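What follows is a single structure, written as structure tokens, with notes after it.
Numbers for residues simply follow the sequence, beginning at 1. Whatever order the structure lists ligands and atoms in, that order sets their numbers, starting from 1.
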Amino acid sequence: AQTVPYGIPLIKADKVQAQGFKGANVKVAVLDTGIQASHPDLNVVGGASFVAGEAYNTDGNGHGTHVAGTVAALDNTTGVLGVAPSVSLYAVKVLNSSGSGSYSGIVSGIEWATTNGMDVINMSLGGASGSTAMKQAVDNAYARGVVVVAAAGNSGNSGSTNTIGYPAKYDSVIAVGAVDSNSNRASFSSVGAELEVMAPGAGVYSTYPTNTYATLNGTXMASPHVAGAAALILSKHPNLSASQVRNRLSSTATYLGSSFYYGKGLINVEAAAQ
Ligand code: NA
Ligand code: NA
């Protein structure tokens with residue numbers, strides 16, 4: 001009765017989970033539209049909301065619940081299966097139900113996660129511009145040992161135009177692009193010198209508000225695969241620093257083409273967690 005989304009075997013997360021590593025006791029904060037904590041296939045440990053009028057454990061949009069399920073949907077006999085099903089999941093609401101948020105709200109979410117000892121921060125969000133405060137927040141989180149992952153953007157490519165959004169563009173953040181079930185680059189995936197790795201992003205089935213499951217497209221779907229991957233590497237090698245985990249993901253990636261379009265390639269967690 002439990003469906004395994006194609007992205008799990010494509011990045012070889014199933015090979016690592018089989019070895020017995022599932023992200024147990026790794027703290028992952030999902031900075032998004034919140035998470036439907038009551039969903040039967042998700043276990044939210046805690047969180048915070050920096051959005052006015054909405055608690056952190058409700059998701060009036062669906063995006064956050066979907067992103068969270070890709071990272072951590074519970075390994076059981078129902079729903080879907082996450083990349084790191086045993087992770088301690090934290091919902092940090094920085095985007096409202098319409099899917100938008102302020103720089104200050106996001107920055108607060110990053111500081112909260114840094115302050116509260118998160119091991120991995122997933123940001124399936126981005127803007128055309130950044131800000132000094134946002135740059136300072138991600139650099140600090142990274143310098144403090146947190147693996148920071150963000151969706152590269154859904155602006156495709158305009159010739160040689162760099163379309164990578166913020167915060168993925170900052171060098172302390174891993175910019176994740178998207179591929180489909182055939183390992184081909186999705187048309188919407190942003191391109192640029194900053195693109196770092198690729199992960200499943202087209203046709204991703206995951207948990208969705210009001211106890212159900214849905215399919216969405218976006219680099220937003222790709223990002224959690226990498227945040228989940230970092231969690232598996234950390235559960236297997238708890239001694240690694242944020243830099244080492246990051247370097248393992250990019251160095252062992254499967255080459256797919258030019259770095260402007262694919263970065264270093266598709267992540268291979270089995271190889272990265274060696
Ligand atoms: Na499940
Ligand atoms: Na980056």
Please state whether the separation between the Na ion (ligand 1) and some N/O/S atom of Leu74 is under 3.0 Å?
yes

Between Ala273 and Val16, which heavy-atom pair has the shortest distance, and what is it?
CB-CG2, 4.4 Å

If you take all heavy atoms of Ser190 and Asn154, which pair is closest and at what distance?
OG-N, 3.6 Å

Rounded to 10 degrees, the angle OD2 of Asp41 makes with O of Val80 at the Na ion (ligand 1)
70°

Measure from the Na ion (ligand 2) to each N, O or S atom of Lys169 and report whether any distance is below 3.0 Å.
no

Roughly, to 10 degrees, what angle do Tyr170 atom O and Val173 atom O form around the Na ion (ligand 2)?
90°

Is it true that the side chains of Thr65 and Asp59 contain a donor and an acceptor less than 3.5 Å apart?
yes

Indicate, with yes or no, if the rings of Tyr205 and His66 have centres closer together than 6.0 Å.
no

Residues that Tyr166 engages under ring pair (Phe, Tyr, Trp, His ring centres under 6.0 Å), provided they are two or more places apart
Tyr170

Whether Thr77 has an N, O or S atom under 3.0 Å from the Na ion (ligand 1):
no

